[PDB]
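Taking the form solved without coenzyme A (COA), here's one chain by itself in structure tokens.
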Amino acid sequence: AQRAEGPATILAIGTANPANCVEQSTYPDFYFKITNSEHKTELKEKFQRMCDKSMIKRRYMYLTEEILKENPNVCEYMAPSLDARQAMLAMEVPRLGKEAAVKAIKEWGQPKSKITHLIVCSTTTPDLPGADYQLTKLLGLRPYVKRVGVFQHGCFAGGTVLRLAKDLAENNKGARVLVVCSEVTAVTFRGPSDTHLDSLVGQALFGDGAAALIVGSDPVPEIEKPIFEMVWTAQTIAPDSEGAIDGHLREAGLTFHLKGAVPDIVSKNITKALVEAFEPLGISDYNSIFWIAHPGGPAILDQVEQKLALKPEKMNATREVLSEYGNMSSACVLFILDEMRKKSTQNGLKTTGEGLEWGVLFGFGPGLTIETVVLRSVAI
């Protein structure tokens, strides 16, 4: 009587962001000023076009004007600054993650002493113990909670944590898994450089945020309220994409090397992933399922939409999150699930999935990995 009976189900969702709201319209002037680069006028025009095409209205950042003034080495492009950044991360990642987790637990409505497993995900973690240990302490969870830390996986990790939570919940009766994704740009922020150009795109897209979930099989009637059910999962590496998205954790912090073929590679490989997931269910109409896609950038969304001839409405929840929060790495897809279920309830639809039955969630990231998670909605 140790294994569970039904499908792993999402029972709650909560999110959080740093208090500092940064409007995109005025970021270019701010960015080039704080990094003492107002004189490279031309390079500011390149960044100007990147922000105008980003389709982002605002982002939230732990890094404030004061903190940047406190750390000149972080404002240069490549200066020794890892130690300073690790200190910021050791405090903020767990704090922001706790804020989101508290809201998820409140929605769930059960004692925190009932949480049996914990999965914590962040692009990087500064020490040993990892962030999972820190969050266990800050939330006051059972000392014997089973922990798993997911670090340096990157932008596709929203799918990864769902994939892990599914097996932990389904193979253990009574198991209730707290999942937390917390991302903070203190590890990636740096000054502009007309040489390292691709590093510039991250400064125009990346933002801060955290999202938490409670996942479990065999929901208790009325006491717990299902939102979405997980059905099948997969992970794969796109062919001829090595180096498409690289990252290096060094003494100058974390630097990225993402080329311009990214949008092309993702969209060209999206069809195979969909067939692998839905052909077994006899589903061929991709406008008949609800969508959740990691908004790595606007181009990825435009080409997937064009490639499959999706109605513009399919990418709505995804584009709404990109517009109001920017690219929060692993946390994005979880924010999108929240936006979709809230919007559906708001407009009086019949299911948490915009009134539809089946859906799909995609994570995209380093090693040009594509994570796929098939979902099913819940009535009303």
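Don't overthink the numbering: it's just position in the shown sequence, from 1.
What follows is about the form deposited with coenzyme A (COA) bound, which we do not show.
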Review point. Quick one: is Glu76 in contact with coenzyme A (COA) in the deposited bound form, heavy atoms, 4.5 Å cut-off?
Key: no
Review point. Applying a 4.5 Å heavy atom distance criterion, does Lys53 contact coenzyme A (COA) in the deposited bound form?
Key: yes
Review point. Does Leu205 reach coenzyme A (COA) in the deposited bound form if we count a contact as any heavy atom within 4.5 Å?
Key: yes
Check your understanding: With a 4.5 Å heavy atom cut-off, would you call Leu258 a contact of coenzyme A (COA) in the deposited bound form?
Key -> yes
**Study point:** Selected contact from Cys155, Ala169, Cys181, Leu178, since only one has a non-hydrogen atom within 4.5 angstroms of coenzyme A (COA) in the deposited bound form
**Key:** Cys155
Review point. Given that coenzyme A (COA) is left out here, which of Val220, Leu197, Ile237, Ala309 has a heavy atom within 4.5 Å of it in the deposited bound form?
Key: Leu197
Review point. In the deposited bound form, which of the stretches 310 to 318, 342 to 350, 44 to 52, 28 to 36 has residues with heavy atoms within 4.5 Å of coenzyme A (COA)?
Key: 44 to 52
Review point. Who in 269 to 298 is close to coenzyme A (COA) in the deposited bound form, meaning a heavy atom within 4.5 Å?
Key: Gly296, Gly297, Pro298
